[PDB]
Amino acid sequence: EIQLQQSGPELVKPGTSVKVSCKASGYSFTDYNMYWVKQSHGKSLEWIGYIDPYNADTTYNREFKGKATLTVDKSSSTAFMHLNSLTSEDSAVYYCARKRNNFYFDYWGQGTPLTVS
Amino acid sequence: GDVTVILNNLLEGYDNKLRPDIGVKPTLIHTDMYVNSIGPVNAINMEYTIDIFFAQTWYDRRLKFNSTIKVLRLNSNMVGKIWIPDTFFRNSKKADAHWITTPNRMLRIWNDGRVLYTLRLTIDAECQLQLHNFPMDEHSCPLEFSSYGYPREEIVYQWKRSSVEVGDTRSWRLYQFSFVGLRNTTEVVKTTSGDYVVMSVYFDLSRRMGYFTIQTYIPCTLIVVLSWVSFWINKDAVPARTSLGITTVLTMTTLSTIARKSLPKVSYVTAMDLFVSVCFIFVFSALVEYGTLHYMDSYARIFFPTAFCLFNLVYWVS
Amino acid sequence: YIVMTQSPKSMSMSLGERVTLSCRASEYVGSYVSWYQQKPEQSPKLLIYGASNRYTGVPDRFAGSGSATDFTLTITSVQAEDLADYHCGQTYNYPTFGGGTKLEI
Amino acid sequence: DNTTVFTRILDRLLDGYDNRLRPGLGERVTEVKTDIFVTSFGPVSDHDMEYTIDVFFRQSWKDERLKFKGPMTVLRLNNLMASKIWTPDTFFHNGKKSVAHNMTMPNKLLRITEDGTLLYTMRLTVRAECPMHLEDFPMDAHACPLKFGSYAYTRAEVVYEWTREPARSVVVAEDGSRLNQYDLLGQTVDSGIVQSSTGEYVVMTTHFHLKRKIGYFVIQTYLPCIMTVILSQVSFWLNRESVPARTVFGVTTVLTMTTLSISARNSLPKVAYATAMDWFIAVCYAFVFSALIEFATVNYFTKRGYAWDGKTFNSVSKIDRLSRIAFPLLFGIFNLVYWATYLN
Amino acid sequence: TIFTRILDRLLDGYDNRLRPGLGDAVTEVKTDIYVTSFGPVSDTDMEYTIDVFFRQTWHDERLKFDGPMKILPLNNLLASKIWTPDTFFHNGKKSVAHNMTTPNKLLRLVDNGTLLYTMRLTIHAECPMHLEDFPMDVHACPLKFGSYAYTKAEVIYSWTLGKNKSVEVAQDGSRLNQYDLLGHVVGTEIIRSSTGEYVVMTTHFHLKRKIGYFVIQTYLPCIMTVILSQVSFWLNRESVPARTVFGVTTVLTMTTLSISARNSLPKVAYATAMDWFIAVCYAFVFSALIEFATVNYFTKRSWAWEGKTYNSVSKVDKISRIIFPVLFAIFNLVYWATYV
Amino acid sequence: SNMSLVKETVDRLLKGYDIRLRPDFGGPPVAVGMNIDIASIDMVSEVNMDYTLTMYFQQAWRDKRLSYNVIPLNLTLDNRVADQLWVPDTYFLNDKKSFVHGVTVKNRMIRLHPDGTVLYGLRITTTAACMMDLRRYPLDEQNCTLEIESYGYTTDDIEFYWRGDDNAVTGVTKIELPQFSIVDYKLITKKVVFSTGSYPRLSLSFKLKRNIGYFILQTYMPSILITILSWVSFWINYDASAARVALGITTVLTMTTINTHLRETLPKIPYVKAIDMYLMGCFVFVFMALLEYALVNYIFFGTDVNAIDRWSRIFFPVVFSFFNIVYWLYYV
Amino acid sequence: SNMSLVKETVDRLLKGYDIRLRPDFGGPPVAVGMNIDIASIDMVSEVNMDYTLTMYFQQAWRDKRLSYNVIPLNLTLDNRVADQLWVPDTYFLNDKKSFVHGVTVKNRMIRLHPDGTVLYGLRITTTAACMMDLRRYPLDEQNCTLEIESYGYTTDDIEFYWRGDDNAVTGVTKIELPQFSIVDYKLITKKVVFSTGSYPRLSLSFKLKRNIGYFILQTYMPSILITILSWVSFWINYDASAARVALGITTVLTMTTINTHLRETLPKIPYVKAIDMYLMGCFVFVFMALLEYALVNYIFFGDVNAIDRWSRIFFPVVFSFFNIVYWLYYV
Ligand SMILES: *[C@@H]1O[C@H](CO)[C@@H](O[C@@H]2O[C@H](CO)[C@@H](O[C@@H]3O[C@H](CO[C@H]4O[C@H](CO)[C@@H](O)[C@H](O[C@H]5O[C@H](CO)[C@@H](O)[C@H](O)[C@@H]5O)[C@@H]4O)[C@@H](O)[C@H](O[C@H]4O[C@H](CO)[C@@H](O)[C@H](O)[C@@H]4O[C@H]4O[C@H](CO)[C@@H](O)[C@H](O)[C@@H]4O)[C@@H]3O)[C@H](O)[C@H]2NC(C)=O)[C@H](O)[C@H]1NC(C)=O
Ligand SMILES: *[C@@H]1O[C@H](CO[C@@H]2O[C@@H](C)[C@@H](O)[C@@H](O)[C@@H]2O)[C@@H](O[C@@H]2O[C@H](CO)[C@@H](O[C@@H]3O[C@H](CO)[C@@H](O)[C@H](O)[C@@H]3O)[C@H](O)[C@H]2NC(C)=O)[C@H](O)[C@H]1NC(C)=O
Ligand SMILES: *[C@@H]1O[C@H](CO)[C@@H](O)[C@H](O)[C@H]1NC(C)=O
């Protein structure tokens with residue numbers, strides 16, 4: 001009964017930035033790290049970065065370093081991702097997962113399409 | 001009962017941490033010691049095991065009572081309850097009291113307040129064995145003790161009427177040495193913590209030659225005799241004379257190794273090591289003489305034992 | 001980073017046939033390999049966790065096995081519903097997933 | 001009064017705290033996020049098939065009983081507080097004889113974060129055991145396990161987890177390499193389940209992949225072995241005529257090989273299966289014994305005893321010349337096959 | 001629950017520092033030993049280890065009860081609570097009171113008041129050894145024990161069953177590897193001290209060293225070396241390399257045998273009977289070398305015999321090969337008869 | 001909620017609990033069941049005449065006072081509660097040095113089952129002793145035992161048994177000793193009687209056969225090779241006295257060194273060892289070869305000289321071969 | 001009255017004291033000053049790569065709780081009071097097996113000062129492990145350090161220092177190791193960072209220099225005398241194979257047994273140590289000494305006098321070149 005509800009689809013133009021949210025439900029936000037995943041259309045899943053909600057520590061993908069910023073709000077249970085310097089290559093659908101253990105990603109976000117043209 | 005009430009009266013309101021009359025005067029302690037047996041002298045580690053019955057008489061004002069009984073003769077259950085002189089042995093590497101079947105301590109409290117606290121110990125005390133003339137080295141291995149924390153101002157040691165209570169030496173584990181005597185000294189030492197009043201017993205011990213004589217000395221001497229035997233054998237027997245020479249130097253190397261491994265390893269030449277080195281130059285000269293011969297012999301036959309004999313005489317004088 | 005390589009990119013196995021997937025990580029991943037089902041217009045759903053163990057509420061048809069660096073997710077009695085892209089994820093290091101193994105009747 | 005607030009906080013935490021009961025006993029499973037910081041990988045005692053490892057065994061677990069809201073966010077307390085609260089009974093399944101250092105005082109830090117996320121690290125001299133199959137020894141990579149779990153609790157009671165990513169959990173200090181002869185290639189982490197008579201235990205295996213460096217045994221064993229073999233070959237060059245010198249050469253070489261074989265075996269445990277070193281020794285033993293058999297054959301056909309001067313003399317043995325070329329060659333081919341088979 | 005009430009009644013108002021009937025009379029501890037396994041005897045340290053059931057029995061007036069049960073076997077922990085005699089071993093060096101799984105101890109309060117207190121120890125007691133007849137030697141190793149704090153007017157010891165029955169030694173439980181336990185004799189005596197007069201028991205375990213181990217490890221190799229030295233005489237005197245290598249090798253093994261024997265021996269100046277045997281064997285081999293030294297003087301021909309003056313066999317060699325074995329035989333027979 | 005319930009239960013159970021009195025004191029003897037799970041039997045030292053037995057040692061006695069029914073689950077408490085609980089005063093009669101493992105905390109298990117069954121557990125590296133008959137060493141099938149016994153409680157107050165019969169001991173097959181091979185293990189329940197009274201004994205026994213391959217590599221095969229080395233002197237000409245004697249005493253001395261090295265590595269026992277029987281046999285072979293060389297020297301100095309060489313050359317390997325056949329028939 | 005007053009004062013100090021909280025907890029770190037008096041350095045076990053060091057480890061710090069002004073003297077309570085007080089949780093990271101001496105009572109000192117300072121002394125035997133880099137051994141100037149470090153307190157809660165820049169360490173000059181010689185000792189203060197934070201650390205870094213003559217007599221004299229023995233073979237006649245061959249094998253065998261004996265004593269080191277580099281050099285020289293006769297025999301049976309003479313003069317020369325290059329390389 002854990003639902004990770006995200007903001008939704010977004011349509012933008014190159015150069016600007018987009019902020020996408022992820023509001024976890026059920027399990028306490030601080031308890032489990034939030035991993036962000038990029039799904040290029042027709043391609044595999046790619047991990048972006050995980051933010052430890054309690055102390056707001058972050059770790060980012062080397063390819064995504066700088067282009068993605070992770071900020072977590074605990075007063076309202078939500079993890080945000082700021083994507084900057086958008087290009088055509090970044091048009092994809094983004095999910096926010098949850099790591100339950102060292103084994104599996106427990107529950108995944110509904111899905112946030114992002115279009116750049 | 002009548003003794004339990006006295007014991008409870010003594011321990012009621014008794015501060016175990018504080019010493020008798022702290023600040024009022026330096027508490028005087030008499031530490032007449034009994035020796036059960038001086039164990040083997042671990043010369044390799046520069047230490048020696050000694051089994052002692054260490055008794056410390058200190059007059060504690062707090063442990064005073066008045067009744068028909070003139071003394072309370074208690075077991076080791078009482079030692080922890082009362083204040084004890086925090087005596088540590090200064091040159092002790094590993095020391096441990098005996099605990100089986102119960103802790104091996106006794107505590108006697110006299111009516112006036114004199115407390116006699118004897119305990120059994122197996123102390124591995126340190127002594128610096130200068131092995132410059134090994135094995136002909138007569139040592140004086142000391143033991144020391146004073147309070148670890150209390151300075152000279154707050155604790156003073158002394159010896160009682162019986163200076164040292166040495167037991168029967170026949171049952172002692174002193175294998176190489178022979179216990180010569182006891183000398184007791186009281187000195188004052190200055191350290192970072194402060195100035196203490198250390199009390200150092202000195203056990204004068206005399207070393208003998210019963211084990212080294214046949215383990216290394218007589219073997220190496222007879223190896224030198226084998227070097228003598230080399231000269232007498234016919235020169236024409238080339239492989240035999242060479243084989244004897246090389247085997248003799250092999251004996252010298254093996255004996256120099258067993259001699260060193262038995263001894264503690266030190267950064268100076270010992271008389272044992274000077275003896276083996278002289279036997280080494282002797283055999284080396286013998287082989288060099290044979291090599292020169294191959295490319296006179298009668299003179300060398302008499303020359304080598306004579307030099308060896310003079311070397312022995314110089315050793316016996318020293 | 002670790003790379004997950006689903007060997008058969010596409011399959012056309014019939015309904016009820018034993019259909020076997022195979023996934024291979026470049027480096028050691030231990031038992032921390034998970035299989036996820038990606039139906040179209042749907043987020044991934046966990047199907048196998050810890051390589052062999054099954055997540056709660058999963059049908060028994062999904063049998064997952066294999067040691068470290070070689071894994072298999074076999075659907076012995078595949079139905080219409082259990083026919084979609086499958087990605088093998090890993091978490092022994094920074095997580096990375098694999099190319100979807102698509103199916104079509 | 002500055003330190004009185006923290007005293008009242010600690011006394012409030014320990015008030016009614018039953019340290020016998022685990023967190024969530026009967027409610028939830030206990031998640032023990034545990035990681036290791038190897039301060040130094042102690043010497044691997046290959047003789048006992050055990051290795052010593054010095055670690056900062058960090059382990060963290062949320063404990064709802066230890067909740068506080070004070071001036072400080074983290075209570076860095078002393079080890080005395082540790083015995084006052086529930087710590088997991090983690091034990092090493094292959095830990096033979098270990099000791100937690102307590103000099104000067106116990107070396108366990110207990111940090112209580114304000115949410116109750118305990119962090120309880122301790123220093124340990126874990127003398128754990130590796131089941132070693134030293135068949136390719138010394139050229140034997142070993143995955144020395146460090147399995148640790150809860151002695152009393154089952155998987156339904158406490159489950160062990162890694163603090164960070166499994167690769168990023170067992171960290172090792174760069175300077176902490178007490179390995180005299182081994183070389184820690186790395187650590188591979190794995191978590192699983194072990195069935196026991198009392199129940200199912202979760203186990204956190206950590207294969208420290210140690211690659212043994214042959215540099216100790218190249219000079220300790222391999223160089224004396226090879227030099228003894230080429231001594232037995234130096235025999236061949238020496239003339240057949242000299243019977244005492246060649247015989248003493250052969251006997252001394254084989255006697256050396258015997259002492260080397262016993263010296264080699266002494267280092268390793270008394271395992272049944274012969275090590276790769278043992279095969280190398282056996283082949284070297286074959287070579288030295290073959291050299292002595294070779295000279296025994298030459299003496300069998302050595303018709304004359306007196307040697308060359310300046311009256312027919314002996315001829316150089318056809319076996320001598322053949323062995324002169326073959327034995328180095330045969331050894332070289334054997335050595336190349338040996339090193340290629342074991343190194344690769 | 002009733003047995004808890006009785007036990008707390010016994011321990012209530014109890015002083016574990018005072019003696020049973022302190023002042024009124026001297027308490028009479030009674031001891032009996034059941035050596036479970038007479039452990040290895042360490043010749044190097046002159047100490048022997050014994051694993052013993054150390055029963056002690058003493059009448060304690062405070063610890064008497066009346067109830068449904070007659071004799072009360074209690075947990076070993078109650079041993080700490082009640083007064084036990086402060087027995088210590090006068091020659092005990094490094095003892096152990098086993099605690100696996102719990103303290104290996106027994107404590108029964110008999111109905112009349114008598115206590116029975118047992119413990120499985122591992123006493124590394126000192127046993128002074130006179131090795132002048134080693135290895136074929138007999139040792140009377142004592143096991144002394146007495147109160148460390150209570151004078152003879154305070155505590156006395158007296159064997160319960162008797163001289164022969166109090167000390168029991170199970171022959172099957174005999175960890176004596178290189179020793180044979182001939183028997184045990186128990187005595188009781190008094191020790192005078194500057195601190196007081198005390199009662200001291202002693203269990204003189206009479207142990208006979210098993211010659212079967214040193215006949216193999218050290219005596220037989222020495223005999224083989226002596227035989228090898230005599231084998232040198234059988235070898236031709238013209239084979240000077242052979243006689244030389246034989247002499248040097250035999251002396252070298254004899255020396256390493258002496259060194260190994262003294263390695264097994266404490267570094268004492270006793271010059272043991274084993275050392276005497278090694279010494280006379282050394283004199284035998286060295287005398288054989290001296291024989292080769294003197295025969296080498298008169299090897300005038302220096303050419304071997306073929307089968308052109310050929311060397312005549314030395315008369316010394318002929319006499320040596322006959323009386324060296326005979327002298328060794330009679331020296332052995334004298335040695336064994338003197339020590340047996 | 002539930003935590004308070006468990007605290008109330010364990011508090012009631014340990015309240016007014018006399019550790020000094022066994023369950024049903026003044027009643028029937030408590031049946032203690034034991035199911036050992038061997039972790040290893042590593043370091044079976046014949047020098048000290050003992051073996052270290054790293055074992056999971058479980059006891060399963062029934063304790064009436066430890067009865068609870070409100071909680072359905074098995075209460076698995078910390079090791080510290082073991083100090084507050086009546087544990088049987090059991091011991092290993094042949095234990096020499098034993099200790100419960102220390103890190104991180106003391107290795108004990110306490111599991112209070114609702115019915116009153118108590119599952120005590122320990123992890124013990126006991127250096128249990130077993131007298132070894134080294135007359136067949138190294139081919140001996142040593143029968144070493146762990147004698148679990150109650151120290152202070154006689155049969156009237158306690159009785160020992162094996163839960164699950166032979167299956168009480170688990171994992172012995174998994175144990176891989178380096179030189180030994182656990183060929184058979186047996187479970188028996190003796191009843192030994194001391195002066196104090198009868199007692200319950202659980203002499204859990206293993207018959208562990210020493211693998212001969214390792215001793216072949218380290219002891220036997222080098223001895224055989226040195227024996228062949230001695231036999232090489234038969235192939236050498238008799239007139240090469242220096243060479244033949246050098247081979248002779250080198251083989252003899254190496255055999256003496258090996259025997260003394262073994263005795264240094266072996267304990268102090270009088271009975272001749274089977275390994276020592278082989279060593280002495282090889283010593284006799286090398287000694288007889290040296291005596292043969294002495295014989296031919298005496299014959300030549302003080303056809304036939306070649307004849308004795310030839311037939312000794314043929315006879316000696318045959319004699320050694322049949323000696324080995326008699327040997328392995330004697331033991332294997 | 002005096003003794004009772006001291007009793008009341010100590011009872012006041014220990015009443016309400018909390019061992020859990022360090023001095024000024026939740027505040028600035030307390031400057032705990034170290035001070036050491038080396039009793040002796042017992043053994044330097046290269047075999048186990050550690051050294052045994054008996055010390056008088058004194059730690060003094062300002063604890064405002066333990067401040068008494070009534071009595072004008074310095075109290076030195078029994079050592080058991082330390083169990084009731086707070087002390088720094090100092091640990092030696094190099095320590096493998098360390099203890100405080102026990103006879104008669106536990107070797108420990110607690111001397112409270114009037115201002116508030118405590119002086120917590122301990123007599124500690126520590127078997128500290130310094131991973132020694134022996135590529136110059138026996139001509140090696142090793143370091144071995146004592147890593148005095150707090151375990152549970154970061155730099156935000158404690159701070160170590162040496163009372164006096166070099167007055168905190170004493171009794172080091174008087175020490176005499178039969179194996180070593182303390183050329184120098186340093187005092188280092190750092191703040192090491194682990195994943196849990198940054199902790200203050202002190203390093204007592206002895207730069208022990210090996211006694212060279214110890215080995216020139218023990219280990220090197222056999223090597224050089226054996227090499228001379230190998231040279232001895234070069235004066236024997238070429239037609240003496242039974243002699244020269246036996247001597248050559250005997251020498252190289254002696255070198256092998258010596259080298260193995262040393263490496264048996266020394267730990268299972270994976271590289272060529274300078275002692276090993278010298279034994280290897282001697283091994284090469286004595287093997288080439290054997291191969292000299294090998295070659296002579298070969299050439300004659302299968303000039304030679306000249307080859308002997310050239311080996312007689314060449315071997316000491318190039319051996320001296322090896323020696324001097326080795327000496328200047330390592331000293
Ligand atoms: C770091 O860890 C180490 C362990 O690795 C801890 O060391 C242990 O500490 C405990 C408690 O502090 C010690 O327990 C005490 O033991 C006394 C007897 O010890 C002897 O037996 C033990 C086995 O039980 C042996 O291990 C000991 O040998 C070792 O210690 C000595 C020095 O002590 C060394 O010299 C040796 O080489 C070994 O290293 C001993 O042989 C025992 O008497 C004592 O019990 C009394 O004290 C307690 C105090 O609370 C009382 O509650 C109790 O009732 C006893 O008091 C009665 O008896 C005394 C007898 O004198 C009377 O005076 C009293 O008034 C009263 O009547 C206690 O149990 C343990 O010995 C020790 N060593 C170990 C386990 O090896 C360190 O403490 C720890 N911390 C630091 C900072 O180092
Ligand atoms: C058996 O082992 C020890 C004592 O026996 C010893 O065991 C070996 C180590 C050998 O050295 C033997 O020679 C020797 O006889 C017992 O240890 C003691 O346990 C008790 C509790 O069982 C401890 O009491 C506790 O102490 C803590 C200290 O914080 C208190 O908080 C507790 O309230 C309680 O009082 C005691 O300290 C401890 N003594 C030590 C460690 O020296 C051990 O318990 C015993 N086995 C059993 C089952 O009792
Ligand atoms: C004991 O009592 C006697 C008799 O009253 C008295 O003289 C003596 O001073 C008392 N000793 C004390 C109180 O220490």
# chains A, B, ... in the order shown; residues from 1 in each chain; ligands from 1

call {"tool": "residues_around", "arguments": {"residues": "range 209-218 of chain B", "least_positions_apart": "5", "cutoff": "9 Å", "atoms": "only C-alpha atoms", "output": "PyMOL selection string"}}
result
(chain B and resi 135-136+176+223+255-256+258-259+272+275-276) or (chain E and resi 255+258-259+262+266-271+275+279)

call {"tool": "residues_near_ligand", "arguments": {"ligand": "ligand 3", "cutoff": "8 Å", "atoms": "only C-alpha atoms and all ligand atoms", "output": "PyMOL selection string"}}
result
chain B and resi 64-67+112

call {"tool": "interface_residues", "arguments": {"of": "chain B", "to": "chain F", "cutoff": "12 Å", "atoms": "only C-alpha atoms", "output": "MDAnalysis selection string"}}
result
chainID B and resid 237 239:240 243

call {"tool": "write_last_selection", "arguments": {"atoms": "N, CA and C atoms", "output": "JSON list (two decimals), in the first residue's frame"}}
result
[["chain", "number", "residue", "atom", "x", "y", "z"],
["B", 237, "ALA", "N", 96.35, -37.97, 1.79],
["B", 237, "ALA", "CA", 94.90, -38.18, 1.74],
["B", 237, "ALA", "C", 94.22, -36.83, 1.54],
["B", 239, "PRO", "N", 91.25, -35.82, -0.27],
["B", 239, "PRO", "CA", 89.83, -35.62, 0.06],
["B", 239, "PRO", "C", 89.54, -35.77, 1.53],
["B", 240, "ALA", "N", 90.27, -36.65, 2.24],
["B", 240, "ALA", "CA", 89.98, -36.89, 3.64],
["B", 240, "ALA", "C", 90.35, -35.68, 4.49],
["B", 243, "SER", "N", 87.95, -32.94, 3.70],
["B", 243, "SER", "CA", 86.65, -33.28, 4.26],
["B", 243, "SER", "C", 86.61, -33.04, 5.76]]

call {"tool": "interface_residues", "arguments": {"of": "chain D", "to": "chain B", "cutoff": "12 Å", "atoms": "only C-alpha atoms", "output": "compact mmCIF listing (two decimals) with N, CA, C and O atoms, in the first residue's frame"}}
result
# COMPACT_ATOMS: atom_id res chain seq x y z
N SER D 242 85.00 -38.93 -11.47
CA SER D 242 85.02 -38.60 -10.05
C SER D 242 83.77 -39.17 -9.41
O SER D 242 82.70 -38.55 -9.44
N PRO D 244 83.38 -40.23 -5.92
CA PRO D 244 82.99 -39.56 -4.66
C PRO D 244 82.38 -38.18 -4.84
O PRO D 244 81.38 -37.88 -4.18
N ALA D 245 82.90 -37.36 -5.76
CA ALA D 245 82.39 -36.00 -5.89
C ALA D 245 81.01 -35.96 -6.52
O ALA D 245 80.12 -35.25 -6.05
N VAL D 248 78.52 -37.61 -3.93
CA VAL D 248 78.24 -36.69 -2.85
C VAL D 248 77.37 -35.54 -3.35
O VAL D 248 76.51 -35.05 -2.62

call {"tool": "interface_residues", "arguments": {"of": "chain E", "to": "chain F", "cutoff": "6 Å", "atoms": "only C-alpha atoms", "output": "ChimeraX atom specification"}}
result
/E:74-75,100-102,106,177-178,212-213,235,241-242

call {"tool": "write_last_selection", "arguments": {"atoms": "N, CA and C atoms", "output": "PDB file, in the first residue's frame"}}
result
ATOM      1  N   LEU E  74      23.119 -27.984  46.103  1.00  0.00           N
ATOM      2  CA  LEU E  74      22.863 -26.630  45.647  1.00  0.00           C
ATOM      3  C   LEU E  74      23.755 -26.269  44.470  1.00  0.00           C
ATOM      4  N   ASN E  75      23.406 -25.148  43.847  1.00  0.00           N
ATOM      5  CA  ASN E  75      24.187 -24.607  42.751  1.00  0.00           C
ATOM      6  C   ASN E  75      25.558 -24.174  43.251  1.00  0.00           C
ATOM      7  N   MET E 100      33.270 -23.996  32.627  1.00  0.00           N
ATOM      8  CA  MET E 100      32.451 -24.388  31.487  1.00  0.00           C
ATOM      9  C   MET E 100      31.588 -25.585  31.859  1.00  0.00           C
ATOM     10  N   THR E 101      30.277 -25.476  31.650  1.00  0.00           N
ATOM     11  CA  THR E 101      29.484 -24.331  31.218  1.00  0.00           C
ATOM     12  C   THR E 101      29.256 -23.353  32.354  1.00  0.00           C
ATOM     13  N   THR E 102      29.330 -23.859  33.574  1.00  0.00           N
ATOM     14  CA  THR E 102      29.204 -23.082  34.798  1.00  0.00           C
ATOM     15  C   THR E 102      30.367 -23.508  35.675  1.00  0.00           C
ATOM     16  N   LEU E 106      30.693 -28.361  43.521  1.00  0.00           N
ATOM     17  CA  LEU E 106      29.611 -29.091  44.157  1.00  0.00           C
ATOM     18  C   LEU E 106      29.503 -28.629  45.597  1.00  0.00           C
ATOM     19  N   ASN E 177      51.631 -39.522  30.285  1.00  0.00           N
ATOM     20  CA  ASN E 177      52.087 -40.062  29.017  1.00  0.00           C
ATOM     21  C   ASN E 177      53.428 -40.768  29.177  1.00  0.00           C
ATOM     22  N   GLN E 178      54.434 -40.065  29.698  1.00  0.00           N
ATOM     23  CA  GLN E 178      55.773 -40.617  29.863  1.00  0.00           C
ATOM     24  C   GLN E 178      56.073 -41.058  31.295  1.00  0.00           C
ATOM     25  N   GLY E 212      60.237 -46.552  28.736  1.00  0.00           N
ATOM     26  CA  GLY E 212      59.832 -46.891  27.382  1.00  0.00           C
ATOM     27  C   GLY E 212      59.851 -45.742  26.392  1.00  0.00           C
ATOM     28  N   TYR E 213      59.742 -44.501  26.861  1.00  0.00           N
ATOM     29  CA  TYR E 213      59.798 -43.361  25.952  1.00  0.00           C
ATOM     30  C   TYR E 213      61.219 -42.890  25.670  1.00  0.00           C
ATOM     31  N   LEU E 235      85.433 -51.025   9.166  1.00  0.00           N
ATOM     32  CA  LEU E 235      85.889 -50.434   7.918  1.00  0.00           C
ATOM     33  C   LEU E 235      87.413 -50.421   7.865  1.00  0.00           C
ATOM     34  N   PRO E 241      89.175 -41.358   3.908  1.00  0.00           N
ATOM     35  CA  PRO E 241      87.943 -40.556   3.792  1.00  0.00           C
ATOM     36  C   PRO E 241      86.747 -41.188   4.482  1.00  0.00           C
ATOM     37  N   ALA E 242      86.633 -42.519   4.422  1.00  0.00           N
ATOM     38  CA  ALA E 242      85.491 -43.194   5.027  1.00  0.00           C
ATOM     39  C   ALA E 242      85.549 -43.128   6.542  1.00  0.00           C
TER      40      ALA E 242
END

call {"tool": "residues_around", "arguments": {"residues": "residue 301 in chain B", "least_positions_apart": "4", "cutoff": "9 Å", "atoms": "only C-alpha atoms", "output": "ChimeraX atom specification"}}
result
/B:228-229,231-232,296-297,305

call {"tool": "atom_distance", "arguments": {"atom1": "CA of residue 15 in chain F", "atom2": "CA of residue 84 in chain F"}}
result
10.1 Å

call {"tool": "residues_near_ligand", "arguments": {"ligand": "ligand 1", "cutoff": "6 Å", "atoms": "only C-alpha atoms and all ligand atoms", "output": "ChimeraX atom specification"}}
result
/B:76-81,95-96,103 /D:102-105 /G:102

call {"tool": "select_by_dssp", "arguments": {"residues": "range 137-263 of chain G", "states": "helix (DSSP H, G or I)", "output": "number ranges by chain"}}
result
G: 212-218, 220-235, 241-263

call {"tool": "atom_distance", "arguments": {"atom1": "CA of residue 19 in chain G", "atom2": "CA of residue 85 in chain G"}}
result
5.6 Å

call {"tool": "closest_residue", "arguments": {"among": "F:34, F:82, F:44, F:55", "to": "ligand 2", "atoms": "only C-alpha atoms and all ligand atoms"}}
result
F:82

call {"tool": "atom_distance", "arguments": {"atom1": "CA of residue 41 in chain D", "atom2": "CA of residue 130 in chain D"}}
result
14.0 Å

call {"tool": "interface_residues", "arguments": {"of": "chain A", "to": "chain C", "cutoff": "8 Å", "atoms": "only C-alpha atoms", "output": "compact mmCIF listing (two decimals) with C-alpha atoms, in the first residue's frame"}}
result
# COMPACT_ATOMS: atom_id res chain seq x y z
CA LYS A 43 15.49 2.44 -24.32
CA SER A 44 16.25 0.89 -20.95
CA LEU A 45 15.99 2.35 -17.46
CA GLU A 46 18.81 4.64 -16.32
CA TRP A 47 19.50 5.64 -12.73
CA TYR A 95 10.16 7.62 -12.39
CA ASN A 102 19.96 -3.83 -0.77
CA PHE A 103 18.05 -6.20 -3.07
CA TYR A 104 15.04 -4.59 -4.73
CA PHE A 105 13.35 -1.31 -5.55
CA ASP A 106 10.07 -1.59 -3.69
CA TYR A 107 7.62 0.81 -5.34
CA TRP A 108 7.93 3.05 -8.37
CA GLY A 109 6.45 6.35 -9.42
CA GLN A 110 3.53 6.60 -11.80
CA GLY A 111 5.62 8.30 -14.48
